[PDB]
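K.L.:
Submitted below is the structure of interest, expressed as structure tokens.
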Amino acid sequence: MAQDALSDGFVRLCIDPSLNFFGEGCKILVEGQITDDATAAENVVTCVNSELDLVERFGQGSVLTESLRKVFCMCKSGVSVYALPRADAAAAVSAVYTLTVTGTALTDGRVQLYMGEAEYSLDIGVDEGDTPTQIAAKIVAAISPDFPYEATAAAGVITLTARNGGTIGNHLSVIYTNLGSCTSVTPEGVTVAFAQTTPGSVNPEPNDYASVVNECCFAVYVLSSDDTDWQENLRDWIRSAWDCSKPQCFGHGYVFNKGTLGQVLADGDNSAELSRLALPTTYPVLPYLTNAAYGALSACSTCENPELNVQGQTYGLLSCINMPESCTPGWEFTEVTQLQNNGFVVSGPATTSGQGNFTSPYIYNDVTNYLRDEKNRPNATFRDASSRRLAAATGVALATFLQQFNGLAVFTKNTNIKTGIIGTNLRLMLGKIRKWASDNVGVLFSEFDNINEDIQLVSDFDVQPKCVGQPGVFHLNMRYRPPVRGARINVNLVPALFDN
Amino acid sequence: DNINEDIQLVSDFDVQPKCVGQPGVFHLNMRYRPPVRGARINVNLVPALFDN
Amino acid sequence: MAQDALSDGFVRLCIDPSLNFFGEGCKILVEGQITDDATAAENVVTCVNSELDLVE
Amino acid sequence: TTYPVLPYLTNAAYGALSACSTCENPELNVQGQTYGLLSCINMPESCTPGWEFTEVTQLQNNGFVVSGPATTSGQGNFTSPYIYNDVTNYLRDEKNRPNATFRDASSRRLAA
Amino acid sequence: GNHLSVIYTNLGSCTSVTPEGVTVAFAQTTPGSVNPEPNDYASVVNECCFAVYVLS
């Protein structure tokens, strides 16, 4: 039994509210810790298809699953997500914090605490007085399973210990939002204190990228760790992906650095391959969540066109992260200027107030840690990440163009081509290359300073000594500039008065 | 390279000793090269920044 | 493998913003005093490549 | 050692491509992603190439034909290989002198 | 025949749901020993022109 309009089988109808027409966007790789209850294989890259399989595959409340949660939040489409799970060192210890409640509530109301991120913050209320600290600590009825820490729920005071060992858990921050003036009435006589009691000690230091990411290409690398040694290994891998010794894969990596001004400036190892997210000691959010948000935002979820800058309050808004409002900005303006001038990406809140509501941050500058070329000359050639993106795009675009000369007859010495032959020579190849370069002014390039000096073609015979040059081998030199864009306006405002 | 040295033709009477050569027998020597074609291009790419 | 456009090995790409196309222009000699903390050999003509090797 | 395909199938495909479907004009080189694609062979994608680039360079410089896949990924889908260099095993000379007279397979066809 | 290779594509996670609890292992137990070595080309390919030879 069938239906008339469909019975003959000319139209074959399929109804599915879960199909996706989008093609396979670029690739992003996320690397972080896992836990024992994970079912994914250690030290092996895998593909992730949606939010839902986390925890089962990558463990409960582990760093990697939390990072992937933001990665899949900033990208509704146009990206492919890959994961590189890592395991904790066997000797690593877990950091410990104590949240000691005190007093005895004597007025009814609500108490709402901020923990790590807006998702892990909870609002819990009490409807009667005379509740001791024992009736307090009922918070555990609200703490989510995904919180990266475990609450002991002891006798009146709850202790917090990280799930993943090492220094990564050494960053939890707890804030009493309603302690100050607010429109929500807080129980009177309640005082909650937060303090640390033990740090982490050991972090894993894998050095095997050449075996797990051997040849597959990735666009953005996100590393959920704060260890300088691990970051240097990733930097070396990206160096390798760009070296001229063999065909290149390119790519750009994102890391963070938390500390005081004098400490953060000590991590500037002139890395053109890294964007370093400088954060202060008093930062109220888990750093790797912000790092993952920035990485996933810049990972072609916006950059389908490589020349776009991830800046400002529109194209650089990390809308997946929420932090409470505060008067203190985190960095002073002079500290911000120093960080920006030394090669660190600085973020800030989208609004300021003392009421303590939730706000999202954004990014002031999209910069790489590059400050000096290989001859130690300071310049801004690779100051912006868009410069690296454009260099990668130009390399591929130029490589595709030159393919037409592969297998084409080449005439040297006597350069007269007999009628009917299919071939070329140096002068005609140079003309075609110049024409292609000129056609691209406005897309890849800015106008050329002197096109007669920027592009040069020579044959291997002209270079090598007699009887050593190989036949059919050519050398090309090309110098170029990327397009310019508005950066700043300095305004002088002079209020006069009506006169004469 | 040099057509005058790359092709040479000689008769048998010129080569074999006297009274041993044969009539209507020739020796030809030819040297040639195959055609050349594009093989590789070495590209140096030197990014800069707008100045002056 | 790397990337499809660069995999076959016909085009071998090098990206280095510190390269120079200029040939060697003719030479100039600079003669003057040094100090005891310099690491250069006295009374020996040597080439200088950039402004930054100085002092030491 | 880790080649994931039956060795003789690749050899047969290469020979069939280089014999008739291409070389009725003897000066063509069976290389690249267009004129040297073995479209009748499919193998899963892999992050590992089988040969490191230095090994590839050594094999090429020692008179061996090397090949690789047309595309790379970790998902494991099917891809076809192609020939990097269409080269014979010729080195040295009948008088023991290194030269490249018969380096390319098209040289033999042109000589014939 | 000493060259067979068997690969489990969906051992790692993929868009195809591999049943859980299933594992397949592959190994060799006995190799080959002897191959033919004919030397009679002069009688079967006697003066007939072939452009390409394939040896499987």
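K.L.:
In terms of the Cα gyration tensor, with a ≥ b ≥ c the square roots of its eigenvalues, is the range D:1-64 rounded because a/c is under 1.5, prolate because a/b exceeds b/c, or oblate?
P.N.:
Since a/c reaches 1.5 but b/c is at least a/b, the shape of the range D:1-64 is classed as oblate.
K.L.:
Would you work out the charge dipole size for chain C about its Cα centre, treating the Cβ of every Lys and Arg as +1 and the Cβ of every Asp and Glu as -1, and quote it to the nearest 20 debye?
P.N.:
With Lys and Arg at +1 and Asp and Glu at -1, about 340 debye.
K.L.:
A follow-up question, please. Of A:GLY109, A:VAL126, A:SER240, which is farthest on the positive side of the dipole of chain A, counting Cα position, with +1 on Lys and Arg Cβ, -1 on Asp and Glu Cβ, and the Cα centre as origin?
P.N.:
Positive-most Cα among the choices belongs to A:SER240.
K.L.:
On to the next question. Mind jotting down the distance between the C-alpha centroids of the range A:102-127 and the range A:329-382, whole Å?
P.N.:
Result: 34 Å between the Cα centres.
K.L.:
Report, for the protein assembly as shown, the % of DSSP beta bridges that are antiparallel, rounded to 5.
P.N.:
60 percent
K.L.:
Please compute, for peptide D:41-50, the average count of beta-carbon atoms on other protein chains lying within 10 Å of each residue's beta-carbon.
P.N.:
That works out to 3 on average.
K.L.:
What angle, in degrees between 0 and 90 and rounded to the nearest 10, separates the Cα long axis of helix A:426-439 from the longest principal axis of the Cα atoms of chain A?
P.N.:
Its long axis makes an angle of about 40 degrees.
K.L.:
Quick check: the distance between the Cα centres of the range A:15-66 and the range A:251-294, to the nearest angstrom?
P.N.:
Here the answer is 24 Å between Cα centres.
K.L.:
While we're looking at this one, here's another question. Note down the nm distance, to one decimal, between modelled labels 7 Å out along Cα→Cβ at D:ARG92 and at A:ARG377.
P.N.:
5.1 nm
K.L.:
From the square roots a ≥ b ≥ c of the eigenvalues of the alpha-carbon gyration tensor of chain D, which class results: rounded (a/c under 1.5), prolate (a/b over b/c), or oblate?
P.N.:
It comes out oblate by the Cα gyration axes.
K.L.:
What shape does the range A:405-472 have by the C-alpha gyration tensor, where a ≥ b ≥ c are the square roots of the eigenvalues, rounded means a/c under 1.5, and otherwise prolate means a/b greater than b/c and oblate the rest?
P.N.:
oblate
K.L.:
Another question about this same structure. How large is log10 I(q)/I(0) at q = 0.10, 0.14, 0.17 Å⁻¹ when the Debye formula is applied to the Cα atoms of the range A:245-342, each weighted equally and without solvent?
P.N.:
-0.32, -0.63, -0.92
K.L.:
In addition: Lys/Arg Cβ at +1, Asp/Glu Cβ at -1, dipole of chain A taken about the Cα centre: which of A:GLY295, A:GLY78, A:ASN490 is farthest positive-ward?
P.N.:
A:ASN490
K.L.:
Here's something else I'd like to know. Could you pull out the GluC sites (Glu not before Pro) across the range A:226-324 that fall in loop regions by DSSP (anything but H, G, I, E, B) with no more than 12 other Cβ atoms inside 10 Å?
P.N.:
A:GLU304
K.L.:
If you place +1 on the Cβ of every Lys and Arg, -1 on the Cβ of every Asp and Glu, and leave all else neutral, what size is the dipole of chain D about its Cα centre, to the nearest 20 Debye?
P.N.:
Dipole of chain D, to the nearest 20 debye: 280 debye.
K.L.:
Let me ask you something else. Just to confirm the number: angle between the C-alpha axis of helix A:287-298 and the first principal axis of chain A, 0 to 90 degrees, nearest 10?
P.N.:
The answer is roughly 40 degrees.
K.L.:
Using +1 on the beta carbon of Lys and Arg, -1 on that of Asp and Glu, and nothing else charged, what's the dipole of the protein assembly as shown about the Cα centre, debye to 20?
P.N.:
Computed charge dipole of the protein assembly as shown: roughly 2360 debye.
K.L.:
How about the range A:1-73: which trypsin sites (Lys or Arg not before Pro) there lie in a loop by DSSP and see at most 12 other Cβ atoms within 10 Å?
P.N.:
When the trypsin sites (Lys or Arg not before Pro) of the range A:1-73 are filtered for loop state and at most 12 Cβ neighbours within 10 Å, A:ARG12 remain.
K.L.:
For chain A, find the longest principal axis of its Cα atoms and tell me its angle to the long axis of helix A:228-242, 0 to 90°, nearest 10.
P.N.:
Helix A:228-242 sits roughly 20 degrees off the main axis of chain A.
K.L.:
Chymotrypsin sites (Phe, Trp or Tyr not before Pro), restricted to the range A:2-91: which are DSSP loop and have at most 14 other Cβ atoms within 10 Å?
P.N.:
Answer by residue number: A:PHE10, A:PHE21, A:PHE22.
K.L.:
Can you pick out the pairs among A:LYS432/A:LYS466; A:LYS246/C:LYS27; A:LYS375/A:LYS413; A:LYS27/A:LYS70; A:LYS466/D:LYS95; A:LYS418/D:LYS95 whose Cα atoms lie more than 27 Å from each other?
P.N.:
In this structure, A:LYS432/A:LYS466; A:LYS246/C:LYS27; A:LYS375/A:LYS413; A:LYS418/D:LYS95 lie more than 27 Å apart at Cα.
K.L.:
Which value in deg cm²/dmol, rounded to the nearest 500, describes the helix-derived mean residue ellipticity at 222 nm for chain A, given -39,500 (n - 2.57) per DSSP H run of n ≥ 4 and division by the residue count?
P.N.:
Mean residue ellipticity, 222 nm, calculated: -5500 deg cm²/dmol.
Each reported figure results from applying straightforward, stated rules to the coordinates on display, with no laboratory input. Cβ coordinates were reconstructed from backbone atoms using ideal geometry, including for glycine residues, and neighbour counts include every protein chain displayed.
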